[PDB]
Amino acid sequence: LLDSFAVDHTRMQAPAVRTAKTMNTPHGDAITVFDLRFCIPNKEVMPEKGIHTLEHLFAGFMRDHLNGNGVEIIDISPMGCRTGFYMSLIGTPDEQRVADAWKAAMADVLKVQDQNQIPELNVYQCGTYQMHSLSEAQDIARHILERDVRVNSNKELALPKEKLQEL
Amino acid sequence: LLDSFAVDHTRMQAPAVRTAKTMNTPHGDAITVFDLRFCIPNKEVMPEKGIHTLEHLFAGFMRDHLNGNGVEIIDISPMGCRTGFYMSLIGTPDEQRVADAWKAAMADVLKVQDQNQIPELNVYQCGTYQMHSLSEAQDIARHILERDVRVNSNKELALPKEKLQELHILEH
Ligand SMILES: [Zn+2]
Ligand SMILES: [Zn+2]
């Protein structure tokens, strides 16, 4: 992520919410990008099909539970390392509010009955429509609820001078 | 909140730039999300390692070429279907401007010699630091330059109301 805090992924707990970046707009509004860490870095990874199916569901369900009262979601997208999603939004909700909405969204994934209920899962509306698994998406959502969602601190995970050097 | 678009992926050309969505902040700043389509839907995909390595390089290089003169990038991230990236930014640059910066960025990927020039490629800064391939990232960047980058029209790719019913009507 562009212009982010530099945090130590070997100490990063998951699942967890973290402020990856804040930004101002020209007329003074706030934009926050959240690190929604599903998996512990370099120990766990979400599978490709599940993460894609989850991507189709996550944005809507997150909007259902998070939009309004000063918050407007711009986009939720997967991380290329496959350990989480970045969520960019207008507003400055606190991390526990995001964590509660995220958990509520994972619950919603569990009630999805069939690949047929999934928004835009067809050749006309998905770039790679074969690359899907509702059961994998549900396993991921289920693991988030089993593990709960911590709040991570940028202060606690900050890389010290010594370790940045060593790189 | 201004405009988002449901477009027909069976007719979508790539590589191409397209305005996926526009939004306004409370005090009236425009936010645009661009569909940066690398691959033709359901005919090509980028590979997992190359797309990740590309992700480490793309945001910086795009900033180098696109930021300023009214534009500030928020984030560039991969699509789960692996046919492109979404780029969210502050501002309303036109699609050809984004296409030129994107091409310039792909050129930059080509001059990356070995991975030591790849930012944050280590266990302390990357979620899955073995899942990388510079040669794959360079094949992707090269393909974009070989194919060039078109501007896609939302009006042209619009799914009509009838077809969306038909598809909404196979929800639940
Ligand atoms: Zn898709
Ligand atoms: Zn990484």
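Sequence positions for chain A are given in Swiss-Prot numbering; the residues included correspond to 3-169, in order.
Each Cβ is built from the backbone N, Cα and C atoms, and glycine gets one as well.
Over in Swiss-Prot, the protein carries these features:
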| type | residues | note |
| --- | --- | --- |
| BINDING | A:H54, A:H58, A:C128 | Fe cation binding site |
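Under 8 Å, Cβ to Cβ, and six or more positions away along its own chain, A:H54 (Fe cation binding site) finds A:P80, A:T130, A:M133, A:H134.
For the binding-site residues shown (A:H58, A:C128), fewest C-beta neighbours within 10 angstroms: A:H58.
A:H54 (Fe cation binding site) falls within a helical segment according to DSSP.
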